[PDB]
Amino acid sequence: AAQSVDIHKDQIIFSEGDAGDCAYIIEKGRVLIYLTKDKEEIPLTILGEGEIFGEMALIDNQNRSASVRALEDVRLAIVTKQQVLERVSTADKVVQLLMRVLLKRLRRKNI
């Protein structure tokens, strides 16, 4: 059950401060990552097809650091913790080992 979701142009996918449960892979369209500071919207990046966002919510299970809006009609593949564990557990030993030390390193970094 790898589910997709379609998102209309100009839809806020999520907002800075929101609860974070999953990441998203862009299957079609583009998205704006941004912050809002005193009613002024400050862009950070634009992501397109085959790129992933919201991944700190996935590994660390905490709030959204930025807002994300769709610049056009987009499709998103939802990536949930259950999928990640399932895919890492079923992976090759060396790949599993790399994923572990990467995640362990990213936790020490973000301290």
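Note that residue numbering begins at 1 and tracks the sequence as displayed.
For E27, the recorded CA temperature factor ranks within the middle third of the chain's modelled residues.
The PDB entry assigns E41 a C-alpha temperature factor belonging to the middle third of its chain's modelled residues. In the deposited entry, the Cα temperature factor of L58 sits in the top third of values across the chain's modelled residues.
Ranked against the other modelled residues of its chain, the C-alpha B-factor of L85 as given in the entry falls in the highest third.
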